[PDB]
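A.B. asks: Shown below is the structure under consideration.
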Number of protein chains: 2
Amino acid sequence: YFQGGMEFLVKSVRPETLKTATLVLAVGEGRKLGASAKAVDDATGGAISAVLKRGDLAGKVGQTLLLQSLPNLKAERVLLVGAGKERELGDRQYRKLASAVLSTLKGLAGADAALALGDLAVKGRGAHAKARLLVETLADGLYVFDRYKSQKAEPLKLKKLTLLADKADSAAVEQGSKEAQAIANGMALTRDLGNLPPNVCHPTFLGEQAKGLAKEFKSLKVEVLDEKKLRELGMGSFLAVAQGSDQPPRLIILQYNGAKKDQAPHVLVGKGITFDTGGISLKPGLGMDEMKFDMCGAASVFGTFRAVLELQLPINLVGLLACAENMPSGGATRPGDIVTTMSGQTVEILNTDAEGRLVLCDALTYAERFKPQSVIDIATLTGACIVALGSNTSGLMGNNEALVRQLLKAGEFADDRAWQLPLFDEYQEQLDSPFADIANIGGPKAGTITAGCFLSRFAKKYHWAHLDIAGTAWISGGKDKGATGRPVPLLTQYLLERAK
Amino acid sequence: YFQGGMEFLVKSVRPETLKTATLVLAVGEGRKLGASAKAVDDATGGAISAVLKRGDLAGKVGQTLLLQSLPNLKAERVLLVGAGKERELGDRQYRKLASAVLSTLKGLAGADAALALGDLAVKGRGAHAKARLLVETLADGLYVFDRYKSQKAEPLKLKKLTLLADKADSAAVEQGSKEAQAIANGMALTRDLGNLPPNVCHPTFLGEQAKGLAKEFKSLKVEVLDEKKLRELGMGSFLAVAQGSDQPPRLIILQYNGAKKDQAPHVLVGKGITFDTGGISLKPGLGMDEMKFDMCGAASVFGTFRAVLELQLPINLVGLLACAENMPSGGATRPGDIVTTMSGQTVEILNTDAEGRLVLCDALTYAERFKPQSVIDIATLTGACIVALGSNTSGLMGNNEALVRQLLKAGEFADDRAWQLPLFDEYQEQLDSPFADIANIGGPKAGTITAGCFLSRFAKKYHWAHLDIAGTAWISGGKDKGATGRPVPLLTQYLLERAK
Ligand SMILES: [Cl-]
Ligand SMILES: [Cl-]
Ligand SMILES: [Cl-]
Ligand SMILES: [Cl-]
Ligand SMILES: [Cl-]
Ligand SMILES: [Cl-]
Ligand SMILES: [Cl-]
Ligand SMILES: [Cl-]
Ligand SMILES: [Cl-]
Ligand SMILES: [Cl-]
Ligand code: NA
Ligand code: NA
Ligand code: NA
Ligand code: NA
Ligand code: NA
Ligand code: NA
Ligand code: NA
Ligand code: NA
Ligand code: NA
Ligand code: NA
């Protein structure tokens, strides 16, 4: 169940007799009230119709009108929210409607609210799929990160949200709500870890977080490998990234065995660069505070595990979090260094700011021992991905078409979308080095793709895919600056489908 | 038939008795000679086997060994070319093999050569598909642009190439060769127009080129509209691009009616910015000579027409070439100008270097009058596409999934590949303007996509797709700097399939 201060219930009772602090109804733009709103209007003797006739609420998506006590209702307030003029909403409009409702309710002193929104239609979504989107939007919309504020906002009075559904849909709605709550809990852990400042959130801290998660979930086993063990394993490019920082690196291994021992596991590999200065290839100063989000890949592995552990899915899951801090220093890796990866391939490190792939490639080699049926790495890897796909769609590459399709489908269902980019063999020659087996960077052309090509050289032994979340893992500026928790919804949906 | 100084023949005779200046045979790396090479070796009494045993030719793809007269052969020379160790070649290896053969033959004084390469296997390609790739690579490999060199290279002695094929395959090979020759002729026209310097290749020159093509092909009708007519049509954003230059703009209309009058036409829309300084939003000086390639979109419409006209395909085809020169001047368009497009939508021109879309959008509105069944615009539009997809894969967007799939399939067959990028509705808000209906640029995120989103607002009335060839239309540096002729092979293959 959701942990962020909200209980979500599903009930099949009549809205017009439900006791609640706020009853929420949808109002169309220039079309008749839906069945639920009409039943409530009838119960009040036409009071809602009479208000709407006065014209303050045009009915555009997300517009609101709040009424107090109406005759013959047990609702203390009635919140009208506009649903536009279309027969069906798209996902974006449904989310906008839900967020407008939540924003209003947050500011009220009501301890609960009941959503009578079952008459809304959303393109391509039945009861379960609508509940997944609605509850995830509501629950994630409650997220707060204020532990470093001396002045904290007043706690919400709102503590309970009831979804009204016809009895024939209530089981699907309940299922969707339960899954959405687990996803939102995972997103909240991901966002917390992403938002923590890098002087607190370093690799050792992430190791202790993993141990704490195992304390909470007896089904989770955790092992944390330090720099001595990494050197024993021959993890040369991983160590090269870490060596310039005072902070020691960590390889965190999470294991959950929800299925029979004969089922091959799915492996999630997360880039956990807790801060990325670029190293000797130093980044510019402007906006470099957002490099604390360079561990959002690893954070999303935490969050996906958190959701899976709550749902107790019948799957075998492994998490590999490759965490290091990338700092300049008198002992840092230099451009031109050549290192031997755990696979034995030598890499010429042309640019020390292309370091995510250097911790990932050793983790991908490590993943071979699990004989996985799928391996997915998640990383804030290339600014080129933002040029290619922006901030709303993650880049996706892989060496197996069926797995890539499974991830695309999961992202569509989750409304946490990705988009495939090709790993054509012609791109690989961009990584040729006169000195070593591989150069760690290509040119300025196709940067997201050549990063995927680099990783692919370590993933040939299994079905593998790669999510570039450089654009989707956080919001850069404004009031809403901070980690997003993506791609936890995509990944959790992928695993939900693999668990059937 | 190919016009660049080469006759291509298909014959089904035995290689070992064929009179030719050079007989070309494939030699595998560490595997037995194929059937054709073995038959020739047997005819010489083992002379080729005996040479190969000495070890000078390892057999790697494209390696060569040239022999002179061998016993009992009518070939004056025998050229051995390595074919690697795989059972089947990929497209890249097949092209590399063919280019190595051609490079050797170019340097010889032989007037002809015979290719006995029928035993080569290429992944996913039968006789017709292999001949398409082989002949197009050979014919396009003969391209020369030397009209501004005072010292021209010696003319080739090689004037005839014979493809040897089994009688059961010879019809397919002949068909593939004929189509490849037409494509190569079209590519040569495209490359010529792209390579011409911008003080020669201006919009008026392109208009005269269209008139010259109609003189050569009686099935082509051409109309050239000048700035007065553009202003009568209300083509405000097109005129805004052109107004800073001394060179007047041209809208060139090509029409070919190869099918019954009841068949809706296919429309190709080409960006013909004959030079792009950026305008007031001036480009940096470094590499700005390659902005003469900013008309390669329009050039590829010329080239696709040239191939279609030679093949006399039973289709109805329209070409719209929107040509202008983008110059700074005391009357040039300024950042912040607002103009009314022919569609009536107003556009705020935030950056005068995003000018390709401003001539294209008026051409897309113009295309409505043809009631087309497909509209494809081709443009060197965004440097962001090179970041996203590099120099080897064109970006593709559209408003119709079936058309996008048809173009992807054509590019795969042609080995002139594209890759779809999404036009999700969420990207559209990047083009919001406080002052006008549309801004002409989004932010630094998803630049290729937001350019496609801008064009999509003018294409809603028909099935439309958009090819960003900023990366594939030319080669930037080195000995091979110059226009490539892409995407003529993709477009011609698309139309070949639509003609069935
Ligand atoms: Cl249901
Ligand atoms: Cl630790
Ligand atoms: Cl340690
Ligand atoms: Cl974006
Ligand atoms: Cl799914
Ligand atoms: Cl055949
Ligand atoms: Cl003209
Ligand atoms: Cl004129
Ligand atoms: Cl490239
Ligand atoms: Cl095709
Ligand atoms: Na609507
Ligand atoms: Na929507
Ligand atoms: Na970096
Ligand atoms: Na990084
Ligand atoms: Na490059
Ligand atoms: Na081979
Ligand atoms: Na190949
Ligand atoms: Na430009
Ligand atoms: Na341009
Ligand atoms: Na942007």
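Order determines the names: the first chain of the structure tokens is A, the second B, and so forth; residues in each chain are numbered 1 upward, and ligands are numbered 1 upward as they are shown.
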Please, which residues of chain A lie no more than 9 Å from chain B when the count uses only C-alpha atoms, and can they be set out as a list in words?
C.D. replies: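 So the contacting residues turn out to be residues 92, 384, 385, 386, 387, 388, 389, 390, 391, 392, 419, 420, 421, 422, 426, 427, 444, 445, 446, 447, 448, 449 and 471 of chain A.
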A.B. asks: Those residues with C-alpha atoms, as an mmCIF file, in the first residue's frame please?
C.D. replies:
data_model
loop_
_atom_site.group_PDB
_atom_site.id
_atom_site.type_symbol
_atom_site.label_atom_id
_atom_site.label_comp_id
_atom_site.auth_asym_id
_atom_site.auth_seq_id
_atom_site.Cartn_x
_atom_site.Cartn_y
_atom_site.Cartn_z
ATOM 1 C CA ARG A 92 -2.124 13.645 -21.041
ATOM 2 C CA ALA A 384 22.816 13.600 -27.091
ATOM 3 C CA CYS A 385 19.683 11.653 -26.091
ATOM 4 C CA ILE A 386 18.005 14.921 -25.062
ATOM 5 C CA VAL A 387 18.825 16.387 -28.471
ATOM 6 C CA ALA A 388 17.374 13.263 -30.113
ATOM 7 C CA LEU A 389 14.254 12.640 -28.006
ATOM 8 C CA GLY A 390 13.848 15.533 -25.564
ATOM 9 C CA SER A 391 12.759 15.307 -21.952
ATOM 10 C CA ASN A 392 9.578 13.239 -22.343
ATOM 11 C CA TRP A 419 11.670 5.077 -28.327
ATOM 12 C CA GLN A 420 14.076 2.745 -30.083
ATOM 13 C CA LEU A 421 17.253 3.985 -31.739
ATOM 14 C CA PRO A 422 19.177 1.622 -34.044
ATOM 15 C CA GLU A 426 27.974 0.724 -39.338
ATOM 16 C CA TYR A 427 27.957 2.863 -36.167
ATOM 17 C CA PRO A 444 29.916 14.229 -32.220
ATOM 18 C CA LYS A 445 27.611 12.226 -34.549
ATOM 19 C CA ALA A 446 25.035 9.740 -33.196
ATOM 20 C CA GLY A 447 26.250 10.057 -29.605
ATOM 21 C CA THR A 448 23.360 8.195 -27.997
ATOM 22 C CA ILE A 449 23.766 5.331 -30.477
ATOM 23 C CA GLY A 471 16.299 13.484 -20.524
#
A.B. asks: Could you list, as a list in words, all the residues within 12 Å of ligand 2, counting only C-alpha atoms and all ligand atoms?
C.D. replies: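 Final answer, ordered by chain and number: residues 201, 202, 203, 204, 205, 206, 207, 208, 209, 210, 211, 212, 222, 223, 224, 225, 226, 227, 247, 248, 249, 250, 251, 252, 253, 321, 322, 323 and 324 of chain A.
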A.B. asks: Just N, CA, C and O atoms for this one: save the residues we selected as an mmCIF file, in the first residue's frame.
C.D. replies:
data_model
loop_
_atom_site.group_PDB
_atom_site.id
_atom_site.type_symbol
_atom_site.label_atom_id
_atom_site.label_comp_id
_atom_site.auth_asym_id
_atom_site.auth_seq_id
_atom_site.Cartn_x
_atom_site.Cartn_y
_atom_site.Cartn_z
ATOM 1 N N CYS A 201 24.431 11.673 -0.564
ATOM 2 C CA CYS A 201 24.213 10.516 -1.430
ATOM 3 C C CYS A 201 25.456 10.132 -2.214
ATOM 4 O O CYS A 201 25.575 10.413 -3.406
ATOM 5 N N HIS A 202 26.380 9.418 -1.538
ATOM 6 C CA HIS A 202 27.572 8.876 -2.193
ATOM 7 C C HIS A 202 27.455 7.353 -2.272
ATOM 8 O O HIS A 202 26.468 6.784 -1.774
ATOM 9 N N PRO A 203 28.420 6.651 -2.888
ATOM 10 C CA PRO A 203 28.233 5.200 -3.082
ATOM 11 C C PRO A 203 28.065 4.424 -1.790
ATOM 12 O O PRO A 203 27.239 3.504 -1.741
ATOM 13 N N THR A 204 28.836 4.755 -0.749
ATOM 14 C CA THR A 204 28.690 4.053 0.525
ATOM 15 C C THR A 204 27.281 4.229 1.097
ATOM 16 O O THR A 204 26.683 3.269 1.610
ATOM 17 N N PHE A 205 26.732 5.450 1.010
ATOM 18 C CA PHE A 205 25.347 5.697 1.421
ATOM 19 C C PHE A 205 24.369 4.809 0.654
ATOM 20 O O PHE A 205 23.420 4.267 1.238
ATOM 21 N N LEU A 206 24.563 4.667 -0.659
ATOM 22 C CA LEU A 206 23.657 3.814 -1.430
ATOM 23 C C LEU A 206 23.772 2.360 -0.985
ATOM 24 O O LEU A 206 22.767 1.636 -0.935
ATOM 25 N N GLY A 207 24.982 1.918 -0.645
ATOM 26 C CA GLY A 207 25.129 0.590 -0.071
ATOM 27 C C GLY A 207 24.328 0.423 1.205
ATOM 28 O O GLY A 207 23.654 -0.590 1.398
ATOM 29 N N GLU A 208 24.380 1.415 2.097
ATOM 30 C CA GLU A 208 23.602 1.304 3.330
ATOM 31 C C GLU A 208 22.106 1.350 3.047
ATOM 32 O O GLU A 208 21.323 0.696 3.747
ATOM 33 N N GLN A 209 21.688 2.103 2.024
ATOM 34 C CA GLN A 209 20.279 2.087 1.632
ATOM 35 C C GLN A 209 19.830 0.697 1.192
ATOM 36 O O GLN A 209 18.722 0.252 1.535
ATOM 37 N N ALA A 210 20.661 0.005 0.411
ATOM 38 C CA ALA A 210 20.322 -1.359 0.013
ATOM 39 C C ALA A 210 20.181 -2.268 1.226
ATOM 40 O O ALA A 210 19.231 -3.053 1.315
ATOM 41 N N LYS A 211 21.117 -2.180 2.169
ATOM 42 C CA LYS A 211 21.001 -2.982 3.381
ATOM 43 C C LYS A 211 19.721 -2.651 4.138
ATOM 44 O O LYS A 211 19.072 -3.543 4.693
ATOM 45 N N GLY A 212 19.327 -1.379 4.153
ATOM 46 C CA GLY A 212 18.098 -1.016 4.838
ATOM 47 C C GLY A 212 16.870 -1.585 4.154
ATOM 48 O O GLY A 212 15.893 -1.958 4.811
ATOM 49 N N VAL A 222 20.909 -8.852 -0.195
ATOM 50 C CA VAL A 222 21.769 -7.766 -0.652
ATOM 51 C C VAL A 222 23.216 -8.129 -0.364
ATOM 52 O O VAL A 222 23.537 -8.652 0.711
ATOM 53 N N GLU A 223 24.092 -7.844 -1.321
ATOM 54 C CA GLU A 223 25.527 -7.925 -1.113
ATOM 55 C C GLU A 223 26.136 -6.640 -1.651
ATOM 56 O O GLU A 223 25.709 -6.145 -2.698
ATOM 57 N N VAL A 224 27.098 -6.073 -0.922
ATOM 58 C CA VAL A 224 27.736 -4.816 -1.308
ATOM 59 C C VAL A 224 29.231 -5.087 -1.452
ATOM 60 O O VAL A 224 29.881 -5.500 -0.486
ATOM 61 N N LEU A 225 29.771 -4.882 -2.653
ATOM 62 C CA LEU A 225 31.183 -5.137 -2.929
ATOM 63 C C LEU A 225 31.948 -3.822 -2.920
ATOM 64 O O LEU A 225 31.545 -2.870 -3.593
ATOM 65 N N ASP A 226 33.066 -3.793 -2.202
ATOM 66 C CA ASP A 226 33.908 -2.612 -2.105
ATOM 67 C C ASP A 226 35.058 -2.678 -3.113
ATOM 68 O O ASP A 226 35.154 -3.599 -3.938
ATOM 69 N N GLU A 227 35.963 -1.693 -3.040
ATOM 70 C CA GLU A 227 36.968 -1.555 -4.094
ATOM 71 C C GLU A 227 37.932 -2.739 -4.113
ATOM 72 O O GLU A 227 38.383 -3.148 -5.190
ATOM 73 N N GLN A 247 35.740 9.271 -2.383
ATOM 74 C CA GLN A 247 34.657 8.346 -2.033
ATOM 75 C C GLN A 247 34.915 6.990 -2.676
ATOM 76 O O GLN A 247 35.123 6.920 -3.895
ATOM 77 N N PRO A 248 34.917 5.897 -1.907
ATOM 78 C CA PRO A 248 35.158 4.587 -2.508
ATOM 79 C C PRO A 248 33.946 4.155 -3.346
ATOM 80 O O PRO A 248 32.823 4.593 -3.085
ATOM 81 N N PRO A 249 34.170 3.331 -4.354
ATOM 82 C CA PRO A 249 33.048 2.858 -5.175
ATOM 83 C C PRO A 249 32.365 1.665 -4.511
ATOM 84 O O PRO A 249 32.900 1.055 -3.587
ATOM 85 N N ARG A 250 31.161 1.349 -5.000
ATOM 86 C CA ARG A 250 30.386 0.204 -4.531
ATOM 87 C C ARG A 250 29.699 -0.468 -5.712
ATOM 88 O O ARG A 250 29.119 0.214 -6.561
ATOM 89 N N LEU A 251 29.755 -1.802 -5.761
ATOM 90 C CA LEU A 251 28.869 -2.600 -6.613
ATOM 91 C C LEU A 251 27.832 -3.257 -5.706
ATOM 92 O O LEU A 251 28.177 -4.108 -4.881
ATOM 93 N N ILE A 252 26.576 -2.847 -5.839
ATOM 94 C CA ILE A 252 25.499 -3.334 -4.980
ATOM 95 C C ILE A 252 24.730 -4.393 -5.748
ATOM 96 O O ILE A 252 24.287 -4.144 -6.873
ATOM 97 N N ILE A 253 24.571 -5.572 -5.150
ATOM 98 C CA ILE A 253 23.862 -6.680 -5.780
ATOM 99 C C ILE A 253 22.588 -6.974 -4.995
ATOM 100 O O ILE A 253 22.648 -7.368 -3.822
ATOM 101 N N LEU A 321 23.914 -2.390 -9.105
ATOM 102 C CA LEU A 321 24.057 -0.937 -9.052
ATOM 103 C C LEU A 321 25.542 -0.611 -9.027
ATOM 104 O O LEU A 321 26.230 -0.911 -8.047
ATOM 105 N N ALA A 322 26.039 -0.018 -10.109
ATOM 106 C CA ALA A 322 27.461 0.297 -10.245
ATOM 107 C C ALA A 322 27.625 1.755 -9.823
ATOM 108 O O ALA A 322 27.285 2.667 -10.583
ATOM 109 N N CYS A 323 28.117 1.983 -8.607
ATOM 110 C CA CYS A 323 28.171 3.334 -8.045
ATOM 111 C C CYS A 323 29.588 3.811 -7.796
ATOM 112 O O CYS A 323 30.412 3.093 -7.220
ATOM 113 N N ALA A 324 29.840 5.038 -8.238
ATOM 114 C CA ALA A 324 31.122 5.711 -8.097
ATOM 115 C C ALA A 324 30.843 7.207 -8.160
ATOM 116 O O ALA A 324 29.766 7.634 -8.592
#
A.B. asks: Would you pick out the contacts of residue 436 of chain A at 10 Å or less, using only C-alpha atoms, so that residues sharing its chain but fewer than 5 positions from it are not included, and give the list as a list in words?
C.D. replies: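 Surrounding residues, per the criterion: residues 337, 338, 339, 340, 345, 346, 347, 348 and 349 of chain A.
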A.B. asks: Could you list, as an NGL selection string, all the residues within 6 Å of ligand 5, counting only C-alpha atoms and all ligand atoms?
C.D. replies: :A and (409-410 or 413 or 493-494 or 497)
A.B. asks: Contacts of residue 294 of chain A at 10 Å or less, counting only C-alpha atoms, minus same-chain residues fewer than 2 places along, as number ranges by chain?
C.D. replies: A: 194, 271-276, 290-292, 296-299, 323, 325, 356, 379-381, 469-470, 473-474
A.B. asks: Can those selected residues be exported to a file as a PDB file, in the first residue's frame so that it contains N, CA and C atoms?
C.D. replies:
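See selection_23.pdb below for the written result:
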ATOM      1  N   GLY A 194      17.484  10.361  -5.890  1.00  0.00           N
ATOM      2  CA  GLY A 194      17.932  11.301  -6.906  1.00  0.00           C
ATOM      3  C   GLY A 194      18.071  12.721  -6.377  1.00  0.00           C
ATOM      4  N   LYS A 271      23.197   2.702 -13.596  1.00  0.00           N
ATOM      5  CA  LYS A 271      24.350   3.574 -13.458  1.00  0.00           C
ATOM      6  C   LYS A 271      24.172   4.430 -12.205  1.00  0.00           C
ATOM      7  N   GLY A 272      25.089   4.296 -11.251  1.00  0.00           N
ATOM      8  CA  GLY A 272      25.008   5.077 -10.031  1.00  0.00           C
ATOM      9  C   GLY A 272      26.170   6.024  -9.840  1.00  0.00           C
ATOM     10  N   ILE A 273      26.362   6.956 -10.771  1.00  0.00           N
ATOM     11  CA  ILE A 273      27.415   7.952 -10.612  1.00  0.00           C
ATOM     12  C   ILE A 273      26.833   9.032  -9.702  1.00  0.00           C
ATOM     13  N   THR A 274      27.229   9.013  -8.423  1.00  0.00           N
ATOM     14  CA  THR A 274      26.533   9.845  -7.441  1.00  0.00           C
ATOM     15  C   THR A 274      26.847  11.322  -7.641  1.00  0.00           C
ATOM     16  N   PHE A 275      27.981  11.634  -8.254  1.00  0.00           N
ATOM     17  CA  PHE A 275      28.165  12.963  -8.818  1.00  0.00           C
ATOM     18  C   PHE A 275      29.161  12.864  -9.953  1.00  0.00           C
ATOM     19  N   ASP A 276      28.912  13.631 -11.005  1.00  0.00           N
ATOM     20  CA  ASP A 276      29.733  13.560 -12.203  1.00  0.00           C
ATOM     21  C   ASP A 276      30.239  14.971 -12.484  1.00  0.00           C
ATOM     22  N   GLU A 290      22.957  19.676 -11.410  1.00  0.00           N
ATOM     23  CA  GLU A 290      22.062  18.580 -11.775  1.00  0.00           C
ATOM     24  C   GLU A 290      22.785  17.263 -12.012  1.00  0.00           C
ATOM     25  N   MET A 291      24.113  17.249 -11.935  1.00  0.00           N
ATOM     26  CA  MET A 291      24.851  16.004 -12.058  1.00  0.00           C
ATOM     27  C   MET A 291      24.682  15.096 -10.837  1.00  0.00           C
ATOM     28  N   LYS A 292      24.038  15.566  -9.759  1.00  0.00           N
ATOM     29  CA  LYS A 292      23.633  14.645  -8.696  1.00  0.00           C
ATOM     30  C   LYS A 292      22.575  13.664  -9.171  1.00  0.00           C
ATOM     31  N   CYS A 296      20.559   8.426 -11.186  1.00  0.00           N
ATOM     32  CA  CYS A 296      19.138   8.084 -11.283  1.00  0.00           C
ATOM     33  C   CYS A 296      18.912   6.707 -11.913  1.00  0.00           C
ATOM     34  N   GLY A 297      19.837   6.231 -12.745  1.00  0.00           N
ATOM     35  CA  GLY A 297      19.734   4.875 -13.247  1.00  0.00           C
ATOM     36  C   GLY A 297      19.701   3.869 -12.115  1.00  0.00           C
ATOM     37  N   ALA A 298      20.718   3.921 -11.247  1.00  0.00           N
ATOM     38  CA  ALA A 298      20.738   3.065 -10.064  1.00  0.00           C
ATOM     39  C   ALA A 298      19.531   3.323  -9.169  1.00  0.00           C
ATOM     40  N   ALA A 299      19.162   4.591  -8.981  1.00  0.00           N
ATOM     41  CA  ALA A 299      17.976   4.893  -8.181  1.00  0.00           C
ATOM     42  C   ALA A 299      16.737   4.196  -8.734  1.00  0.00           C
ATOM     43  N   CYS A 323      28.117   1.983  -8.607  1.00  0.00           N
ATOM     44  CA  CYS A 323      28.171   3.334  -8.045  1.00  0.00           C
ATOM     45  C   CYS A 323      29.588   3.811  -7.796  1.00  0.00           C
ATOM     46  N   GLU A 325      31.813   7.987  -7.686  1.00  0.00           N
ATOM     47  CA  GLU A 325      31.845   9.442  -7.803  1.00  0.00           C
ATOM     48  C   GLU A 325      32.970   9.835  -8.748  1.00  0.00           C
ATOM     49  N   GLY A 356      29.903   6.843 -17.419  1.00  0.00           N
ATOM     50  CA  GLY A 356      28.824   5.932 -17.093  1.00  0.00           C
ATOM     51  C   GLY A 356      29.005   4.587 -17.764  1.00  0.00           C
ATOM     52  N   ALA A 379      20.451   4.243 -17.472  1.00  0.00           N
ATOM     53  CA  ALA A 379      21.530   5.187 -17.226  1.00  0.00           C
ATOM     54  C   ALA A 379      21.183   6.566 -17.765  1.00  0.00           C
ATOM     55  N   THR A 380      21.564   7.596 -17.009  1.00  0.00           N
ATOM     56  CA  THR A 380      21.574   8.966 -17.512  1.00  0.00           C
ATOM     57  C   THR A 380      22.859   9.130 -18.312  1.00  0.00           C
ATOM     58  N   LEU A 381      22.832   8.697 -19.570  1.00  0.00           N
ATOM     59  CA  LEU A 381      24.107   8.448 -20.235  1.00  0.00           C
ATOM     60  C   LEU A 381      24.566   9.578 -21.146  1.00  0.00           C
ATOM     61  N   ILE A 469      18.156   7.533 -19.976  1.00  0.00           N
ATOM     62  CA  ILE A 469      17.173   8.376 -19.308  1.00  0.00           C
ATOM     63  C   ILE A 469      17.748   9.756 -18.995  1.00  0.00           C
ATOM     64  N   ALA A 470      18.773  10.180 -19.732  1.00  0.00           N
ATOM     65  CA  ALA A 470      19.372  11.491 -19.476  1.00  0.00           C
ATOM     66  C   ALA A 470      18.344  12.611 -19.543  1.00  0.00           C
ATOM     67  N   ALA A 473      14.952  11.414 -16.571  1.00  0.00           N
ATOM     68  CA  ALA A 473      15.150  11.121 -15.156  1.00  0.00           C
ATOM     69  C   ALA A 473      14.941  12.330 -14.252  1.00  0.00           C
ATOM     70  N   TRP A 474      14.971  13.550 -14.782  1.00  0.00           N
ATOM     71  CA  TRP A 474      14.761  14.685 -13.891  1.00  0.00           C
ATOM     72  C   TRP A 474      14.228  15.874 -14.675  1.00  0.00           C
TER      73      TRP A 474
END
A.B. asks: Kindly compile the residues surrounding ligand 18 within 6 Å, counting only C-alpha atoms and all ligand atoms, and format them as number ranges by chain.
C.D. replies: B: 276, 278, 353-355
A.B. asks: Print the selection's residues with N, CA and C atoms to a file, as an mmCIF file, in the first residue's frame.
C.D. replies:
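Final output, saved to part-v8.cif:
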data_model
loop_
_atom_site.group_PDB
_atom_site.id
_atom_site.type_symbol
_atom_site.label_atom_id
_atom_site.label_comp_id
_atom_site.auth_asym_id
_atom_site.auth_seq_id
_atom_site.Cartn_x
_atom_site.Cartn_y
_atom_site.Cartn_z
ATOM 1 N N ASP B 276 22.649 28.756 -47.463
ATOM 2 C CA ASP B 276 22.057 29.116 -46.184
ATOM 3 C C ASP B 276 23.163 29.737 -45.337
ATOM 4 N N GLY B 278 22.275 31.325 -42.708
ATOM 5 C CA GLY B 278 21.538 31.604 -41.494
ATOM 6 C C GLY B 278 20.730 32.886 -41.529
ATOM 7 N N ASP B 353 17.712 31.174 -39.141
ATOM 8 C CA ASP B 353 18.428 30.001 -39.633
ATOM 9 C C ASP B 353 17.558 28.737 -39.627
ATOM 10 N N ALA B 354 16.364 28.790 -39.050
ATOM 11 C CA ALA B 354 15.397 27.706 -39.199
ATOM 12 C C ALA B 354 14.447 28.049 -40.345
ATOM 13 N N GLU B 355 15.041 28.171 -41.538
ATOM 14 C CA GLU B 355 14.331 28.695 -42.695
ATOM 15 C C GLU B 355 13.839 27.614 -43.643
#
A.B. asks: Considering only C-alpha atoms, return as a ChimeraX atom specification whatever protein or nucleic-acid residues lie within 9 Å of residue 371 of chain B, sequence-local ones (same chain, fewer than 2 positions apart) excluded.
C.D. replies: /B:264-265,367-369,373-374,461-462
A.B. asks: DSSP on the backbone, strand (DSSP E) only: what residues of segment 243-429 of chain B does that give? Format it as an NGL selection string.
C.D. replies: :B and (250-257 or 266-276 or 316-326 or 337-340 or 346-349 or 374-379 or 394-398 or 418-420)
